[PDB]
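Each remark here refers to the structure printed beneath this line.
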Amino acid sequence: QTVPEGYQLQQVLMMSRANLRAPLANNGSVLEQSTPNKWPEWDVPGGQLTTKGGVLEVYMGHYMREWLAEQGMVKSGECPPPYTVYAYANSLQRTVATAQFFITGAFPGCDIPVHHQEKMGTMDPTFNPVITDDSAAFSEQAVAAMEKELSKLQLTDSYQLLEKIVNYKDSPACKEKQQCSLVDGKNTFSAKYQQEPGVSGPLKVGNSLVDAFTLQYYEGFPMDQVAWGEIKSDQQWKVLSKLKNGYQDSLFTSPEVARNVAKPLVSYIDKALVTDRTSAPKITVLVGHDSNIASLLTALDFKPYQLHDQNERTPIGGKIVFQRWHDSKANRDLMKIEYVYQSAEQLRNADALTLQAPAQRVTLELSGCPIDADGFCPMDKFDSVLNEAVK
Ligand SMILES: O=P(O)(O)O[C@@H]1O[C@H](CO)[C@@H](O)[C@H](O)[C@H]1O
């Protein structure tokens, strides 16, 4: 796609998801349980981003810069006035790190800080995808809603395949804990107040391992290191990644769970973009997590989508960039949202990102903001979406 003539970009807001990180330490014991195999090592601890993650984000920031300059939002090689860019990430190493690389990459040698709560290592409610309603009746409505969501999915082939690549029957889950079937395993969904919706069972092991295999791919481990050369071969990946996208769908894609869990980001966006656009900076960078993008996208009732050359519905370094454009001809404003990310090969190979060889881009759409032939939506309808979403 290519923006039409007569349109001038006015404001940008990116919802980013941190780049290449090591598998979550939080899932450390479920990976040991799920197989008799040895797990490759990482030089970074728990779930911190890797040096490659930073390198990949630098490219992402350089591409974003070239695009922003090309669109008149900034100039190339000169750096913008004091408060042009505003970067905010939550207090996790992972998210703050990717913001530093992104910014240093987009505006090298400038003086654009990265904001975050003073308390680091802990979560910032803004980005914390937790249940903020202790209605009790709500935690029950949530669990059920999740369960129903899982029912729409079909991961039987994913599990069977997973069982084999993982040699799960020889794992200390089948031997010792009698859990010997991912496909028949019972799933129990949680939703305790002030915490992330969870899953205990085959769906967790599924998402945990596949996430580890997926990260291993990107980090560039040789093929015999990514799932021990097992997950290799064709698109067993397409079916294995369903456990990973199905996990996300059940915990954050539910309508009533999304609306709650996302409450703070919707509120944020609906303020920097609507109620307080006059005070907001031309450019904003929110670095969050896939949970945030999953619940955010749902809460604002987005139309389904599909990312080309990507197996994850929320790409490791992908960013949802909201764009307010002003149509010179007809004195009106317009919203154009797009998912800007790096394909899997772009991540695995670490390709220099430039306008010559751009990052992947898919234009999204809001149910309440029908998109036109060029992918634009009137700022009127969008406004109503966010102002309605916050209610
Ligand atoms: O987007 P990342 O941080 O890489 O991964 C996500 O992070 C979420 C917390 O923000 C957590 O709840 C999800 O399980 C995890 O997949």
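Just so we're on the same page: first chain in the structure tokens is A, next is B, and so on; residues restart at 1 for each chain, and ligands are numbered from 1 in the order they show up.
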
- request: Return as a PyMOL selection string every polymer residue, whether protein, DNA or RNA, with at least one atom no more than 10 Å from an atom of ligand 1; count only C-alpha atoms and all ligand atoms.
  value: chain A and resi 16-24+26-27+47-49+90+92+94-95+123-124+127-130+195-199+204+207-208+211+215+244-245+247-248+251-252+287-294+314-318

Write out as CSV a residue-level contact list of region 61-98 of chain A versus region 321-330 of chain A with cut-off 12 Å: for each qualifying residue the closest pair of atoms and the distance in Å to one decimal, counting only C-alpha atoms, rows sorted by chain and residue number upward.
residue,atom,partner,partner_atom,distance
A:64,CA,A:321,CA,10.3
A:68,CA,A:323,CA,11.0
A:71,CA,A:325,CA,10.4
A:72,CA,A:325,CA,11.6
A:73,CA,A:325,CA,11.0

task: Pull the helix (DSSP H, G or I) assignments for region 54-297 of chain A out of DSSP run on the backbone, and list those residues as a PyMOL selection string.
output: chain A and resi 54-70+93-106+137-152+156-166+168-170+202-218+226-229+236-252+255-261+263-272+290-297

Kindly save the residues from that selection, with C-alpha atoms included, as a compact mmCIF listing (two decimals), in the first residue's frame.
# COMPACT_ATOMS: atom_id res chain seq x y z
CA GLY A 54 18.22 -5.16 20.42
CA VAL A 55 19.93 -5.29 17.04
CA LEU A 56 16.65 -6.25 15.39
CA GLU A 57 14.87 -3.38 17.17
CA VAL A 58 17.52 -0.93 15.99
CA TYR A 59 16.63 -1.89 12.45
CA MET A 60 12.96 -1.47 13.29
CA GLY A 61 13.63 2.03 14.63
CA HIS A 62 15.72 2.96 11.61
CA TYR A 63 12.92 1.85 9.30
CA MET A 64 10.35 3.74 11.33
CA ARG A 65 12.53 6.82 11.16
CA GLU A 66 12.96 6.65 7.38
CA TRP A 67 9.18 6.21 7.09
CA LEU A 68 8.37 9.08 9.47
CA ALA A 69 10.79 11.44 7.69
CA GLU A 70 9.41 10.44 4.28
CA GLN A 93 14.03 -4.93 31.50
CA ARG A 94 12.65 -6.55 28.37
CA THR A 95 10.26 -3.75 27.38
CA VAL A 96 12.47 -0.83 28.47
CA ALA A 97 15.45 -2.31 26.68
CA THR A 98 13.67 -2.66 23.37
CA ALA A 99 12.53 0.95 23.73
CA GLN A 100 16.09 2.15 24.23
CA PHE A 101 17.31 0.28 21.12
CA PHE A 102 14.29 1.41 19.10
CA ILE A 103 14.74 5.09 20.00
CA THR A 104 18.53 5.10 19.67
CA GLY A 105 17.90 3.44 16.32
CA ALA A 106 15.25 5.89 15.13
CA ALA A 137 -19.12 -13.44 39.63
CA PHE A 138 -16.80 -11.81 37.10
CA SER A 139 -13.90 -14.19 37.72
CA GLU A 140 -16.40 -16.96 37.01
CA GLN A 141 -17.81 -15.27 33.92
CA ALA A 142 -14.21 -14.90 32.75
CA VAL A 143 -13.14 -18.52 33.22
CA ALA A 144 -16.20 -19.72 31.31
CA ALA A 145 -15.65 -17.15 28.55
CA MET A 146 -12.10 -18.48 28.17
CA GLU A 147 -13.29 -22.09 28.15
CA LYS A 148 -15.78 -21.24 25.39
CA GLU A 149 -12.99 -19.57 23.44
CA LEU A 150 -10.86 -22.71 23.64
CA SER A 151 -13.83 -24.64 22.27
CA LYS A 152 -13.64 -22.65 19.03
CA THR A 156 -5.60 -31.88 18.39
CA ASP A 157 -3.12 -32.15 15.52
CA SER A 158 -0.91 -29.56 17.24
CA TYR A 159 -0.81 -31.61 20.45
CA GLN A 160 -0.18 -34.89 18.67
CA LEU A 161 2.62 -33.30 16.70
CA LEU A 162 3.95 -31.62 19.85
CA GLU A 163 3.91 -34.94 21.73
CA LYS A 164 6.20 -36.47 19.10
CA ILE A 165 8.71 -33.63 18.59
CA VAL A 166 8.95 -33.42 22.37
CA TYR A 168 6.44 -36.26 25.78
CA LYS A 169 5.71 -39.86 26.85
CA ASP A 170 9.26 -40.06 28.26
CA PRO A 202 -1.87 -29.14 28.26
CA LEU A 203 -2.59 -25.68 26.82
CA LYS A 204 0.13 -24.18 29.00
CA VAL A 205 2.79 -26.73 28.10
CA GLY A 206 1.73 -26.24 24.49
CA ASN A 207 2.24 -22.47 24.49
CA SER A 208 5.37 -22.65 26.64
CA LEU A 209 7.30 -25.09 24.45
CA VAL A 210 6.16 -23.64 21.12
CA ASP A 211 7.10 -20.19 22.35
CA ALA A 212 10.56 -21.52 23.25
CA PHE A 213 10.86 -23.19 19.81
CA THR A 214 9.72 -20.01 18.13
CA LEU A 215 12.19 -17.82 20.05
CA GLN A 216 14.97 -20.36 19.32
CA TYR A 217 14.25 -19.98 15.61
CA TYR A 218 14.57 -16.18 15.65
CA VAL A 226 15.50 -25.41 17.47
CA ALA A 227 13.38 -28.19 18.96
CA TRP A 228 16.29 -30.60 18.43
CA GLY A 229 15.92 -30.57 14.66
CA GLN A 236 4.56 -28.37 11.18
CA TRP A 237 5.20 -24.85 12.47
CA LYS A 238 1.87 -23.54 11.26
CA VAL A 239 0.11 -26.24 13.30
CA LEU A 240 2.47 -25.96 16.28
CA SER A 241 2.08 -22.20 16.46
CA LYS A 242 -1.67 -22.61 16.88
CA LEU A 243 -1.02 -23.73 20.46
CA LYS A 244 0.77 -20.40 20.88
CA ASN A 245 -1.93 -18.26 19.21
CA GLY A 246 -4.68 -20.33 20.80
CA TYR A 247 -3.18 -19.71 24.21
CA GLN A 248 -3.26 -15.96 23.65
CA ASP A 249 -6.79 -16.16 22.24
CA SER A 250 -8.17 -17.96 25.30
CA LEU A 251 -6.56 -15.67 27.88
CA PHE A 252 -7.00 -12.22 26.28
CA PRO A 255 -14.75 -10.15 24.86
CA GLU A 256 -15.48 -9.55 28.56
CA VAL A 257 -11.90 -10.42 29.61
CA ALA A 258 -10.33 -8.21 26.92
CA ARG A 259 -12.43 -5.19 27.87
CA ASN A 260 -11.28 -5.44 31.46
CA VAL A 261 -7.66 -6.49 31.09
CA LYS A 263 -9.01 -1.00 30.32
CA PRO A 264 -5.83 1.06 30.95
CA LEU A 265 -4.36 1.02 27.42
CA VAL A 266 -7.69 1.81 25.78
CA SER A 267 -8.02 4.68 28.21
CA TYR A 268 -4.47 5.79 27.41
CA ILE A 269 -4.94 5.64 23.63
CA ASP A 270 -8.33 7.31 24.08
CA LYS A 271 -6.74 10.44 25.49
CA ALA A 272 -3.52 10.71 23.53
CA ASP A 290 1.63 -9.52 23.29
CA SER A 291 -1.05 -9.77 25.99
CA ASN A 292 -1.63 -6.04 25.65
CA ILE A 293 -1.93 -6.17 21.86
CA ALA A 294 -4.23 -9.17 22.01
CA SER A 295 -6.61 -7.64 24.56
CA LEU A 296 -6.29 -4.14 23.09
CA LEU A 297 -7.16 -5.29 19.60

query: Taking only C-alpha atoms into account, which of A:367, A:126, A:76, A:387 comes nearest residue 88 (chain A)?
result: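 Closest to residue 88 (chain A), using only C-alpha atoms: A:126.
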
- request: Provide the CA of residue 339 (chain A) to CA of residue 390 (chain A) distance in Å, to one decimal place.
  value: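 Between these atoms lies a distance of 22.6 Å.
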
task: For residue 86 (chain A), please output as a list in words all residues within 8 Å (counting only C-alpha atoms; exclusion window: fewer than 4 positions along the same chain).
output: residues 112, 113, 114, 281, 283, 284 and 285 of chain A

Could you write out that same residue set with C-alpha atoms as an mmCIF file, in the first residue's frame?
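Saved to again.cif:
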data_model
loop_
_atom_site.group_PDB
_atom_site.id
_atom_site.type_symbol
_atom_site.label_atom_id
_atom_site.label_comp_id
_atom_site.auth_asym_id
_atom_site.auth_seq_id
_atom_site.Cartn_x
_atom_site.Cartn_y
_atom_site.Cartn_z
ATOM 1 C CA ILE A 112 14.933 11.353 23.682
ATOM 2 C CA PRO A 113 14.395 9.512 26.986
ATOM 3 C CA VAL A 114 12.371 6.386 27.681
ATOM 4 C CA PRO A 281 3.133 14.662 21.071
ATOM 5 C CA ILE A 283 4.802 10.719 18.079
ATOM 6 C CA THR A 284 4.278 8.251 20.937
ATOM 7 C CA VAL A 285 5.888 4.846 21.508
#
